[PDB]
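Only one chain comes next, encoded as structure tokens, the form deposited in one PDB entry.
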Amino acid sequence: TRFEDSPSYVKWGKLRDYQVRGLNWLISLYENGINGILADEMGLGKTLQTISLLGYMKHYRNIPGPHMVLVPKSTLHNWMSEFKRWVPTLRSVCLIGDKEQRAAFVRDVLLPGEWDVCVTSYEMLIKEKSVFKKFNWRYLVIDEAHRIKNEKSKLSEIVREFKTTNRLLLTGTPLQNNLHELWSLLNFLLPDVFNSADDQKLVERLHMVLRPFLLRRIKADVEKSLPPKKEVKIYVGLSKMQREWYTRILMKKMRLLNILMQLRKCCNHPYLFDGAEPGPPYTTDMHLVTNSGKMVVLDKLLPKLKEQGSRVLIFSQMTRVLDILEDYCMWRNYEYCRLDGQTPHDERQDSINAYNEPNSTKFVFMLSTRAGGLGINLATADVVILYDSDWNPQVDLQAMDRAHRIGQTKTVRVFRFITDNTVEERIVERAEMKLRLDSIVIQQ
């Protein structure tokens, strides 16, 4: 009923066997008048599908009205390049910068109305609510749809208050914690169908309710490469001082406000605490790996990595853990670099390029679990270590597959440290519960 190959108006865009079916589904959803969620996850041309959908609407239909694509700041340049390179005819404009530049843009382009597609970040959307609502929008595209996964939030209510005809959500993993968030997404999509808060009682009804507005695909169905990854779950016991601090925090002079987060920075390394460190001098010798179980196992395991293929990518949860591992690496004088949210934005891309250089002598690369830009092509790594596990198995999976880029040839193997019989086991148990729920709901 629809074209099975690349249309004419997309130049040098091939639409290889997945963009074609996605675009056909999007066109069918427009014809049926129901909004949709595209959840093929990182690996498929979601941007190309949205661009080609807009090009189809502009060319085959005569409705090139007010179009808005909401993207994070880091993807603005990428989206603009895709717009200008793959559908050049659909000329578009973007909004970014300080308040005076916003005034310049609205007075020069937005208000004159010669524009067709406007691309803006979340913060600029919040700042320009009154200056954006005046246009009768036709399409509303939200990349990283899990940003609005929670109701009662400023962005969610603001995007609800917009006058729009249709909308389209882009996300990798629409379901993260519970069905309440997916209900929020569906209620935003269809304003009236899902107003309520409501193996046959479950699963089946969920699948047949979620079918009409969701898609899920796997890269390996046709890519058939990129060999799989093995996760090794290393249980590690703690040291005597770790046990002592564990008991002292558990029973209850320091600040003990959030007991769970106190036990957190304590099952990892007691030197994130105060008083565990030695006296006034800071002697970086044996006040290190030999006093924590995870650090002992890490110092046992790293030399094997050195003797083998190497290139260990390290993922952590605390920048304090990042700093202590930095001190350990400088004590061992290992080639390393540190990247986190605190790293300046320009200072991150050159670091990635240096670690991904064809001849990169750097061995240790430390990144926080969520402090990435949702991109970071770390295709040159071979070893991935998860020093900590969060409450988001989806975030853990995304951090795992961010080093699982196509370019990768050596199969990357994941490590997961767990302090047995501690709060890490609880964390992993809740993560497993959430992961099983998300899989059984979405993946099938």
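Residue numbers here begin at 1 and follow the sequence given. C-alpha atoms forming the largest set that superposes within 1.5 Å between two forms make up the rigid core.
Classify the number of deposited-sequence residues missing from the model between residue 252 and residue 253: none, 1 to 3, 4 to 9, or 10 or more.
The entry has 10 or more unmodelled residues between residue 252 and residue 253.
So residue 198 and residue 199 are neighbours in the shown sequence, but is anything from the deposited sequence left out between them? Give the count as none, 1 to 3, 4 to 9, or 10 or more.
Count of unmodelled residues in between: 10 or more.
If you look for the form deposited in another entry, you will not find it shown, but the lines that follow are about it.
Considering only 231, 151, 223, 161, single out the residue whose C-alpha is displaced by at least 2 Å between this form and the one not shown after superposing the rigid core.
Residue with a C-alpha shift of 2 Å or more: 223.
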